[PDB]
Each structure stands twice: as structure tokens, then as C-alpha cells.
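To start, the structure itself, in C-alpha cells.
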């Protein structure tokens, strides 16, 4: 019922502006404050400000005053937040909310980068030749230098799914890098094939890297 | 602005345990203290407002208390769906402010990391770089240190770490640590080692290889 | 009962 609909994500370039939308449904937002909050992984949560749709009254966090401009559209029951002069400092998840009897949107992940669509390089991860001993063995794929997210990584076309660890992508430079591990029984590999399937939609790339033993 | 001090930042508990999270404000906030819960998919819900009022649909195991500057959220008997990130917000004065959060996780018994080190591929070497990676898998607790050594000397630049969230099945944590060098730098040295330092052992778990074996 | 003083 009470819902606040926000777009999932947007990629914008530094210096541009962005107008984030927050469409309310299940209630008429006239007499509710519509708040905006910024969430970026290191830093905590920061309240940007709120607007009251009925008379447009606003209360801002001084820190965000010409970064953020809040408006409303009464006919569409929609709240907006424009972010201008976007910098890397502005990449984050932006939520909208109502108050009192608060409900929050799902949040819009905004990325501000001037990086260009780069396909990943997929490297095999296998123990130095043989296998550092044991009952089981761990393999892997290192997916480096792509943009933008995401990359879809599977093992043996989804047939190999348990025993896998696929780490969150990390931003090194302006590009992304991710890694994934699979642990199998030692007797199974090499004997049974193990290939990592990498797909990078943005660059419309699909790569299959079979993991086999080699030396250095 | 009113600063909110939330503690603890992290807490592990077992299903059925009582859990208490606290927020302290630097000024009186007149009972306007709200507790939010956030799930990994980024969903956020307001659980409790005005210190102790449960929002619509919140289960009766939740409750809040406090006044003045000192507030608390309690879960009498933890359930799995409560494993989440919690944060308070004072609503007693503008601009509104948030506490720093409490990551509530599942307690399990310590488990040493399974450590694996991997040499650079010829694919990467042909392009001018050399990445050495080490997986520090399925360990508990969450604090863990990885140390990279080249030729026995410590190496800090060029390391890129990533951590999984707590596993839904074994409650363990995993981490990826990648040391990236240029190919010519990688060719100037011989031994490459990762040392995993975790509370499950007094001595680090060390994995290494020499531009050379097998 | 509300979540913020100005609600």
C-alpha cells in the first residue's frame, strides 16, 4: 500500500545535473513532509532536507543548500530532488521518505563518473600448477578493469553454484574489479571441467575462461 | 546540529537472544527518537518512533525506551529476519540527524580462514600487469587481516580488498585480497606471500609461491 | 504521536 517509487540507478557525468524522482502511491502526499537522505558506504547517513507539498515550505540541511533543490508536482503526486554540479562526492544511494507514519523509497543509486564503457579482462585463478594439497581445491576468476557495473559471473553455466564466493566489485581508479572463487573436491578437478562465465552487458561481452593447470 | 552516538557499531547474537542497541544525543531531543532497519537489498523501514511507538506491522518483540538524551531499542528474542542494519534518527530538531548504525549479525563458532594464493596468469602478464590473489574464505569472526609480502618485505601499495557479507548458510565471512603489480616489477622479485591474521590462531596462516614452482 | 517535532 503506502509506497514511494524511485528509479533504481542512474549514471551521470561530473558537472551535469540530475533530477531524482519519488512518486508516492497509496496516499496523497499533500500534508506529509517529503524528506531526502543520502547514503554513501563509508560516511553514515545524511539528511538532505524535506519539502511540504501543500505550500512548498522547505527545511534544508545547510550543507546541501545549492547542491540540492527539492520540488513537488501535485498532479502526479511526485517529489523531486535536483542535484547540480555533480562530483564524485555525490555518488551514493539517495532515498526519499514521508513523515509522519514514515515510509521510505527503495533508494536510487547515483554514480557520477566520466569513465567510459570498458570491457573487462578475465584472468584464470588456479593453484600454481598442480594443486596446493588437499581433499578439496579452490579455483577462481579475476575480472579486472570494467565499466560500468555490472558483470554477471557464473560457474559452469550456473551448474556450479555452491562453494562459490563472488566478491563485491571495487572501484580502483575509475574502473571496476571483481573476483570469484569456487571450491571443489580435489578428485573432481581437473578431471571435470570448470569454466567461469563472465558477461558484461554494457560492452556486450561474454567470456568463458576454462580453469586448467599451467606453471607460473 | 545534534550529534547521535549509536552503540555498538556491530553486534553478533544467536536466534532467540535479547538484543539492545543504544543511541545517545548531544542535546535533549524531547522523546523524538526514531529507529530504522535496513536490509541488504537497501529496503528501509521505520520500526519505532517517538522513542517507543511501534509502526504499523512491526512485531511485538521490538520495543524502545529512553528520554532526554538516552535511548534504546530492544529485540526480546531475535529472529533471522531481524538480522539487519539499524540506525536511529533524532527528530527533535532541524536539521534531523542519524546515529552511525549497528550491523547486527549471527553468532557462530570461530572458524579459521581457508587461505588460497594464486599466481598471475600469462593473459595478464602479456598485457603488462601481474595480479596475485588470495582468498581468505569462510572465517568467523569478521575481523581479519591480510599482509602481502614480496621477497619477505611488506607491501602496502596496490592491494585491493573486498569482503563478502555474512553467509546465509554457515554464518561465515569471506574476503578477497589482490596485489597488483606491473609485469616488470613482478619479474624483479621471486617470492610472493599472503599472511592471514585472524583470532583463530596465534600465528598467521601464510600462503606463498615463487616465480617458479611445480 | 509523530516521528518529528514539526510533523
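Backbone-built Cβ (ideal geometry, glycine too); neighbour counts: all protein chains shown. Rule-based calculations on the coordinates, nothing more; no lab input.
A few points about this structure:
- Listed here are the strands (runs of 3 or more DSSP E) enclosed by segment A:42-112 that have at least 1 residues being within 14 Å of chain C (Cβ to nearest Cβ) and either closer than 25 Å to residue B:2 by Cβ or touching a helix residue (DSSP H, G or I) at 6+ places or on another chain (Cβ under 8 Å) (or both): A:45-51, A:58-60, A:92-99.
- Among the residues of segment A:206-216, those that are within 28 Å of the chain's Cα centre (by Cα), exposed (fewer than 15 other Cβ atoms within 10 Å of the Cβ) and in contact (Cβ under 8 Å) with a residue 12 or more places away in the chain comprise A:208, A:210.
- Residue within segment A:175-183 that is in contact with a strand residue (DSSP E or B) (Cβ under 8 Å, 6 or more places away or on another chain), free of Cβ contacts under 8 Å to residues at least 60 places away in the same chain, loosely packed, with under 14 Cβ neighbours inside 10 Å and not in a loop (DSSP other than H, G, I, E, B) present: no
- Top-ranked residue in segment A:129-169 [being over 22 Å from the mean Cα position of the chain (by Cα), facing chain B (nearest Cβ under 8 Å) and surrounded by fewer than 21 Cβ atoms within 10 Å (Cβ to Cβ); ranked as farthest from residue A:187 (Cα to Cα)]: A:129
- Leading residue by the ranking (nearest to residue B:120 (Cα to Cα)) among those in segment B:159-182 that are within 13 Å of chain A (Cβ to nearest Cβ) and exposed (fewer than 15 other Cβ atoms within 10 Å of the Cβ): B:161
- Some residue of segment A:178-189 being more than 16 Å from residue A:211 (Cα to Cα) and away from every other protein chain (no Cβ under 11 Å): no
- Candidate set from segment B:84-133 (those that are within 14 Å of chain C (Cβ to nearest Cβ) and outside any loop (DSSP other than H, G, I, E, B)); member that is farthest from residue A:128 (Cα to Cα): B:90
- In segment A:196-205, of all residues being surrounded by fewer than 18 Cβ atoms within 10 Å (Cβ to Cβ) and touching a strand residue (DSSP E or B) at 6+ places or on another chain (Cβ under 9 Å), the one that is nearest to the other protein chains (Cβ to nearest Cβ) corresponds to A:205.
- Some residue of segment B:75-82 being within 14 Å of another protein chain (Cβ to nearest Cβ), crowded, with 17+ Cβ neighbours inside 10 Å, assigned to a strand (DSSP E or B) and on the phi < 0 side of the Ramachandran plot: no
- When restricted to residues that are without any contact (Cβ under 8 Å) to a residue 24 or more places away in the chain, within 16 Å of residue C:6 (Cβ to Cβ) and crowded, with 18+ Cβ neighbours inside 10 Å, segment A:3-59 contains 3.
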